[PDB]
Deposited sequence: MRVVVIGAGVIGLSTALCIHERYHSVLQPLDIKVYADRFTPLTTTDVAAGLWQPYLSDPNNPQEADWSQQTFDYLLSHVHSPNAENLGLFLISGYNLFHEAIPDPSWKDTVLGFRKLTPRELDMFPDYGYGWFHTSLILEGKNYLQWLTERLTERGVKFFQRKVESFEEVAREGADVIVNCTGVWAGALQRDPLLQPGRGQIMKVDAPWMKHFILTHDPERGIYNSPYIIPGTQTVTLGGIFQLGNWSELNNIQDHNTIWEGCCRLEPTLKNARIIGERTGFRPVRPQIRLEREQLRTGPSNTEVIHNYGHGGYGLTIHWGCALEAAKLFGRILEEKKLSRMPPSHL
C-alpha cells in the first residue's frame, strides 16, 4: 500500500514507525511543522495521565519506555527516571495508574509540611520523555528505514487521495478540525517557561482549580532546564507568549518552591493541547481511500503515545487484510 501519515509530532512519528515495524511498503510523512515547532516540542514530557481503554494505552507506553530507560540509547531518546510529588487539598482516591508507576505511595505528614498550602498528595517514581530529543530520535529511525519526509500544508484528505495514497493516517493533533470539522476538538492553550535550576531533582504537580481547572502551578525538571507552567485555556488560539500568564506561572511556582526565585529564565513557549472528551483513534472510509484518525490526546500525548501507535498499527493491519 501507499501510506501517508499527516503530522510529525510524537503521535504522527510514533505511529509511522510503529506501522513500518509491524508490516514489512511506501510511507510518507506530511506536516506543515516539524521540530522544534510542534506542540510536542513544548511539552515538559512527564509520564502521567490526567484524572477506559486509555489506561492500557498509557500502561503500554510506560513499560515500553521503562524497558529503554537503563540502556545507553536513552540519552538520545531524552528519557530518564524521575520521582516527584502530586499535591491536592481534600484527600482523593488513588489513581488508575497506581500500580503502573514505580513505588507509588501517599505522602507522609513530614513531607506535606514542605508545601504549606497543600494537605494531601502522592509521591511516586515516573519517567520523562523529552519531546525535542524523542522526535529527533523517531525521525532518525524513520529515516534509517527510508521513510521520506516532506514539508507541506494539507488542505483536505481529498487532496492527499488524488496524489494516489491508499491509507491516510491523520495525526494532525489540534489542527485536525480544519481537515474534518470536530466541535469536540478544542485547543487547550498552555504556556511554559524553561528556567535554569539544576538543584531541582523532583517534579511537583498541583491541583487547584480556582483559576479554572489546570490553571495551577507545576514544576517539572528536564535534562538541561526546568519546565515551569500551569496554564490551560480552552478556546484560546493565540500562539503568543503572554505576560499575564508569564507572571501567573512565576508567582505560582515561586510559592511552591522559593529556591526558584533567583533562577535564570532560559526561554518561554506557548502550545496547544488537543483536547477531546476521548481520543479519536478509529478507522474511516473517505467520501471520495481509508483513514485512521489518531488525534485528541490533550495534555497526555507523550504519556499515551505508544499505546496509540500500536492500536493504530493493529487498525492498519485490519485494513490490509481487506
Sequence order list of spans that the model leaves without C-alpha positions, deposited numbering: 25-29, 57-61, 299-302, 337-347
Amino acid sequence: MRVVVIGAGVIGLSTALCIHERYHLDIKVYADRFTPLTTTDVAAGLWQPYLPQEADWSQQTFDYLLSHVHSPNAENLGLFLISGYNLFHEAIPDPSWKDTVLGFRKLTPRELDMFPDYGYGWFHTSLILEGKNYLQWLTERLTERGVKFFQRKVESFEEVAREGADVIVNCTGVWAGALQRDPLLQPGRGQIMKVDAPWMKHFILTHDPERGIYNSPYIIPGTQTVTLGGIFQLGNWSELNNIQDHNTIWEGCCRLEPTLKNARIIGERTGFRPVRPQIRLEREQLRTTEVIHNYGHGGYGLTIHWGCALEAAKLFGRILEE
From here on, numbers count along this sequence of modelled residues.
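Take the two forms, superpose them, and find the largest set of C-alpha atoms that agree within 1.5 Å; that set is the rigid core.
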Farther-lying stretch by C-alpha RMS in 6 other deposited structures of this protein, rigid core as reference, of 210-218 and 135-143: 210-218
Greatest C-alpha divergence in 6 other deposited structures of this protein once each structure is fitted on the rigid core, 232-240 or 201-209: 201-209
Between the two ranges 69-77 and 219-227, the one averaging a larger CA B factor in the entry: 69-77
Stretch with the higher entry mean CA B-factor, where the candidates are 199-207 and 92-100: 92-100
Largest Cα B-factor, entry values, listed residues 133, 180, 125, 86: 180
Lowest, middle or highest third - CA B-factor, residue 36: middle
Residue 154 - which third its CA temperature factor falls in, relative to the rest of the chain: highest
Relative C-alpha B-factor of residue 129, binned into the chain's lowest, middle or highest third: lowest
Residue 107, C-alpha B-factor rank within chain (lowest, middle or highest third): middle
Third of the chain's Cα B-factor distribution that residue 82 belongs to, per the entry: lowest
